[PDB]
Amino acid sequence: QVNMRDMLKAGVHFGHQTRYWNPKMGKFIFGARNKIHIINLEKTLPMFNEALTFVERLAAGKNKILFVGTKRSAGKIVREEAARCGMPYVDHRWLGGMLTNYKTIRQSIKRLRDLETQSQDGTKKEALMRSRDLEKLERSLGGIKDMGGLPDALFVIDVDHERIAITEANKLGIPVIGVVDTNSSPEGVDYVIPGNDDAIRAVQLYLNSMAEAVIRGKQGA
RNA sequence: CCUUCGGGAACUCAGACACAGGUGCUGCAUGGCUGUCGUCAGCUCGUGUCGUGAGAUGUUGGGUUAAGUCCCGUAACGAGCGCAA
């Protein structure tokens, strides 16, 4: 949870190169070294918990938390997270429309749904192009199968990259927990998490602590 | 020509009121299931987003194709309509 070692050993402290940096993220910076900014991990800790506390006090009252993270780096660690442990997620291309235009995205969760007979039957040419394009809908909307409407919290692990995601969340009102690296901007994210969002090591750190947040918050209730 | 043995009818033509006839005008208050695309997959829409707005995005880009069959990327996601069948 709050152990310097793992955080210090697994990414986190490292920020983006000084040239690419936001002046809004000045407070969460403990200076610089070797022409790179060092995120302050003495202020990450405190906030982390408020991010974990919130998340664990959301599943205790039974709620949904979207796990956004459609990035090469986080494109495998966001499959073995809290979404596999009982949450909704997105790992490939946050389609600009989900949550704000959820009604039109609601009616496109059926790719194989209305063909659960001949999809296991393996026609031939008329099925192969749908078989091929069954994964299409299985990749983009694949992790949003179960949702029952909108969520109540969003958890992005790279606010600068998944900036569209947060614009919709804020537009509707659903709180956003998010890792903000030095080059990103901490504006719009309800609960911030100032930390590295590029190294895999750090990527699992939040995911695994958020996986366990709902894991030690769903059994309680 | 049917017959309660009363009565009735159609027509070559035929007499009085009204008429049918537009057989001139005019596709500029009236065509519906075309008299001009080379066969362009090109023209649009619902919702969402961006803009004070008219708009725009979707439909742009990278590749590919007779060809929105496409594929990969992308504030868009779907759709109306195909050679296939």
# chains A, B, ... in the order shown; residues from 1 in each chain; ligands from 1
$ select_by_dssp --residues "stretch 161-217 of chain A" --states "strand (DSSP E or B)" --output "VMD selection string"
chain A and resid 176 to 180 191 to 194
$ write_last_selection --atoms "N, CA and C atoms" --output "mmCIF file, in the first residue's frame"
data_model
loop_
_atom_site.group_PDB
_atom_site.id
_atom_site.type_symbol
_atom_site.label_atom_id
_atom_site.label_comp_id
_atom_site.auth_asym_id
_atom_site.auth_seq_id
_atom_site.Cartn_x
_atom_site.Cartn_y
_atom_site.Cartn_z
ATOM 1 N N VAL A 176 -13.723 10.828 -11.270
ATOM 2 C CA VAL A 176 -12.630 10.174 -11.975
ATOM 3 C C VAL A 176 -11.358 10.043 -11.162
ATOM 4 N N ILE A 177 -10.960 8.812 -10.869
ATOM 5 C CA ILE A 177 -9.726 8.569 -10.149
ATOM 6 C C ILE A 177 -8.691 8.451 -11.246
ATOM 7 N N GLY A 178 -7.534 9.076 -11.106
ATOM 8 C CA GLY A 178 -6.573 8.962 -12.179
ATOM 9 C C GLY A 178 -5.120 9.222 -11.876
ATOM 10 N N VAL A 179 -4.256 8.471 -12.540
ATOM 11 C CA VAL A 179 -2.835 8.660 -12.371
ATOM 12 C C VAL A 179 -2.464 9.808 -13.281
ATOM 13 N N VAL A 180 -1.819 10.826 -12.732
ATOM 14 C CA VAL A 180 -1.406 11.965 -13.522
ATOM 15 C C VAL A 180 0.099 12.059 -13.483
ATOM 16 N N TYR A 191 -10.316 12.479 -8.058
ATOM 17 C CA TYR A 191 -9.296 11.991 -7.141
ATOM 18 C C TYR A 191 -8.019 11.744 -7.916
ATOM 19 N N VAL A 192 -7.011 12.566 -7.662
ATOM 20 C CA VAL A 192 -5.741 12.472 -8.367
ATOM 21 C C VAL A 192 -4.761 11.476 -7.763
ATOM 22 N N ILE A 193 -3.841 10.995 -8.593
ATOM 23 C CA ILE A 193 -2.818 10.051 -8.169
ATOM 24 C C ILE A 193 -1.531 10.410 -8.881
ATOM 25 N N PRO A 194 -0.830 11.433 -8.389
ATOM 26 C CA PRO A 194 0.406 11.889 -9.024
ATOM 27 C C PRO A 194 1.478 10.824 -9.113
#
$ closest_atom_pairs --of "chain A" --to "chain B" --cutoff "12 Å" --atoms "only C-alpha atoms (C1' of nucleotides)" --output "CSV"
residue,atom,partner,partner_atom,distance
A:93,CA,B:74,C1',9.5
A:94,CA,B:75,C1',9.9
A:95,CA,B:76,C1',6.9
A:96,CA,B:75,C1',4.7
A:97,CA,B:48,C1',5.9
A:98,CA,B:77,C1',8.3
A:99,CA,B:48,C1',9.5
A:100,CA,B:48,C1',6.5
A:101,CA,B:48,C1',4.7
A:102,CA,B:48,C1',8.4
A:103,CA,B:47,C1',7.6
A:104,CA,B:47,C1',6.3
A:105,CA,B:77,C1',6.4
A:106,CA,B:77,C1',10.0
A:107,CA,B:78,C1',8.6
A:108,CA,B:78,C1',8.1
A:109,CA,B:78,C1',11.9
A:123,CA,B:85,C1',11.4
A:125,CA,B:84,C1',10.8
A:126,CA,B:85,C1',9.0
A:129,CA,B:69,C1',10.1
A:132,CA,B:71,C1',11.8
A:133,CA,B:71,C1',11.3
A:136,CA,B:71,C1',11.8
A:140,CA,B:77,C1',11.5
A:141,CA,B:77,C1',11.3
A:163,CA,B:75,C1',11.1
A:164,CA,B:75,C1',7.7
A:165,CA,B:75,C1',10.2
A:167,CA,B:49,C1',10.1
A:168,CA,B:49,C1',9.4
A:171,CA,B:49,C1',10.9
$ residues_around --residues "residue B:67" --least-positions-apart "2" --cutoff "9 Å" --atoms "only C-alpha atoms (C1' of nucleotides)" --output "list in words"
residues 41, 65, 69 and 83 of chain B
$ write_last_selection --atoms "C-alpha atoms (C1' of nucleotides)" --output "PDB file, in the first residue's frame"
ATOM      1  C1'   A B  41     -20.155   4.327 -53.774  1.00  0.00           C
ATOM      2  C1'   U B  65     -10.156  -1.544 -54.420  1.00  0.00           C
ATOM      3  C1'   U B  69     -16.862  -5.170 -49.540  1.00  0.00           C
ATOM      4  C1'   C B  83     -22.175  -6.508 -57.231  1.00  0.00           C
TER       5        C B  83
END
$ residues_around --residues "residue A:118" --least-positions-apart "5" --cutoff "12 Å" --atoms "only C-alpha atoms (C1' of nucleotides)" --output "MDAnalysis selection string"
chainID A and resid 112:113 123:124 126:128 130:131
$ residues_around --residues "residue A:24" --least-positions-apart "6" --cutoff "9 Å" --atoms "only C-alpha atoms (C1' of nucleotides)" --output "PDB file with C-alpha atoms, in the first residue's frame"
ATOM      1  CA  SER A 184      -0.267  15.590 -17.910  1.00  0.00           C
ATOM      2  CA  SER A 185      -2.694  17.979 -16.254  1.00  0.00           C
ATOM      3  CA  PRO A 186      -4.542  17.321 -12.958  1.00  0.00           C
ATOM      4  CA  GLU A 187      -7.743  19.097 -13.922  1.00  0.00           C
TER       5      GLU A 187
END
$ select_by_dssp --residues "stretch 10-113 of chain A" --states "alpha helix (DSSP H)" --output "list in words"
residues 44, 45, 46, 47, 48, 49, 50, 51, 52, 53, 54, 55, 56, 102, 103, 104, 105 and 106 of chain A
$ closest_residue --among "A:67, A:219, A:181, A:41" --to "residue A:80" --atoms "only C-alpha atoms"
A:67
$ residues_around --residues "residue A:182" --least-positions-apart "6" --cutoff "12 Å" --atoms "only C-alpha atoms (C1' of nucleotides)" --output "ChimeraX atom specification"
/A:12-32,36-40,158-160,193-198
